K.L.:
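The structure follows.
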Amino acid sequence: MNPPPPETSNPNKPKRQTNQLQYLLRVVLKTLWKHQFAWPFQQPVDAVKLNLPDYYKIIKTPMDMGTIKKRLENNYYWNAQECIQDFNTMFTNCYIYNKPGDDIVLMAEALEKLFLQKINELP
Ligand SMILES: Cc1nn(C)c(C)c1-c1cc(OCC2COC2)cc(-c2ccnc3nc[nH]c23)c1F
Ligand SMILES: [Cl-]
Ligand SMILES: [Cl-]
């Protein structure tokens, strides 16, 4: 079945609202969110709905842009590199579970190209 989703709130974390993290929410994530290919990544993989009973037997550090959005809105991160690491985990999970040429891999590839374009320059 589905595991609990990754945590998005933690009052015990040291938190910051750097200019880069504000940018990652207002510009980077909000632009990726609107991409025609973003919809598979706007929430945790629902292994039950998608009939992927093996997905969480293989992917042990799940992540998605819905989780990232909630983290950013909770000032969950200390710095932009923590947020960028979550993005990279999302893309990498897709490439691990799936194979080149799969539709979902083509979609992640598109999103990742745009992501790298947008983070090349941060405030
Ligand atoms: C494209 C595509 N083609 N086909 C035939 C299917 C079933 C999809 C599809 C649909 C989907 O919908 C998400 C809604 C349901 O709950 C939110 C999510 C994912 C999906 C996301 C992230 N990683 C994945 N690894 C394998 N699938 C992954 C997906 F691939
Ligand atoms: Cl919180
Ligand atoms: Cl902590």
Side-chain angles (χ1 to χ4, degrees), residues 1-35 37-123:
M1 159 205 210
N2 290 327
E7 101 181 343
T8 58
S9 81
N10 189 337
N12 277 350
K13 267 217 148 37
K15 316 188 144 169
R16 274 191 332 180
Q17 171 102 297
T18 74
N19 294 278
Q20 308 199 321
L21 276 166
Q22 288 189 183
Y23 182 89
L24 281 174
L25 181 77
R26 184 187 53 96
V27 181
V28 172
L29 184 141
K30 295 222 145 123
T31 289
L32 265 43
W33 195 271
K34 274 143 208 323
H35 188 281
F37 287 355
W39 58 268
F41 305 101
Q42 284 170 350
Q43 59 286 307
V45 170
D46 186 339
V48 173
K49 179 177 256 187
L50 305 171
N51 189 33
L52 299 177
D54 57 316
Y55 182 88
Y56 290 108
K57 311 264 210 260
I58 293 164
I59 300 308
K60 300 300 187 183
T61 306
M63 166 82 41
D64 64 277
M65 299 195 300
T67 297
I68 294 166
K69 184 152 118 93
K70 253 310 199 63
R71 286 181 174 193
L72 284 160
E73 293 170 356
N74 285 354
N75 302 305
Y76 184 89
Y77 306 109
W78 180 257
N79 67 21
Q81 201 70 30
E82 291 185 342
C83 180
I84 289 161
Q85 171 67 252
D86 277 348
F87 272 104
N88 286 344
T89 292
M90 188 191 58
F91 294 127
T92 289
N93 287 344
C94 190
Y95 306 143
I96 290 169
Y97 182 74
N98 306 97
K99 289 167 190 53
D102 294 343
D103 279 2
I104 188 68
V105 172
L106 150 68
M107 299 160 87
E109 285 166 354
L111 276 170
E112 184 182 17
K113 274 228 184 30
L114 182 59
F115 174 71
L116 291 171
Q117 184 173 178
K118 304 326 177 166
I119 65 163
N120 201 284
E121 251 204 324
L122 303 174

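Order of appearance sets the numbers: ligands from 1, and atoms from 1 within every ligand. For the single chain, residues carry numbers from 1 onward in sequence order. We use all heavy atoms of the structure for the numbers below, so side chains are in, but hydrogens, waters and symmetry mates are not.
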K.L.:
Do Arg71 and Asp86 have side chains that approach each other closer than 4.5 Å (heavy atoms only, starting at C-beta)?
P.N.:
yes

K.L.:
Should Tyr77 and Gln20 be marked as a side chain to side chain donor-acceptor pair (under 3.5 Å) after you check the CA-CA gap, both sets of side-chain angles, and the distance that decides it?
P.N.:
CA-CA 11 Å; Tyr77 306 109; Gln20 308 199 321; over 6 Å; no

K.L.:
Is the closest basic N to carboxylate O distance between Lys113 and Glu109 below 4.0 Å?
P.N.:
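A salt bridge is absent here (no side-chain N lies under 4.0 Å from a carboxylate O).
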
K.L.:
Between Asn93 and ligand 1, which part of the residue brings a heavy atom under 4.0 Å of the ligand: side chain, backbone, both or neither?
P.N.:
neither

K.L.:
Which bit of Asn98 gets closer than 4.0 Å to ligand 1, counting heavy atoms only: side chain, backbone, both or neither?
P.N.:
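Within the 4.0 Å criterion, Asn98 contacts ligand 1 through side-chain atoms alone.
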
K.L.:
For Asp103, is at least one N or O under 3.5 Å away from an N or O on ligand 1?
P.N.:
no

K.L.:
Within a distance under 4.0 Å of any heavy atom of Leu52, pick out the atoms of ligand 1 and give their elements.
P.N.:
26 (C), 27 (N)

K.L.:
Please determine whether residues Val105 and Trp39 belong to a single hydrophobic cluster, defined as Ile, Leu, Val, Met, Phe, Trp and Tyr linked transitively by side-chain heavy-atom distances below 4.5 Å.
P.N.:
yes

K.L.:
Donor-acceptor check, side chain of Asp54 to backbone of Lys57, threshold 3.5 angstrom: yes or no?
P.N.:
no

K.L.:
Just which atoms of ligand 1 are under 4.0 Å from any heavy atom in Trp39?
P.N.:
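In order of numbering, the contacting atoms are 10 (C), 11 (C), 12 (O).
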
K.L.:
Heavy-atom distances under 4.0 Å are what count here, so tell me which part of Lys49 touches ligand 1: side chain, backbone, both or neither.
P.N.:
side chain

K.L.:
Does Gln42 have a non-hydrogen atom less than 4.0 Å from ligand 1?
P.N.:
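So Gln42 does not count as touching ligand 1.
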
K.L.:
Number the atoms of ligand 1 from 1 as they appear, then name those within less than 4.0 Å of a heavy atom of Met107, with their elements.
P.N.:
1 (C)

K.L.:
Checking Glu82 against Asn79: is there a side-chain donor and acceptor pair closer than 3.5 Å?
P.N.:
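Side-chain D/A pair, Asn79 to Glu82: absent.
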
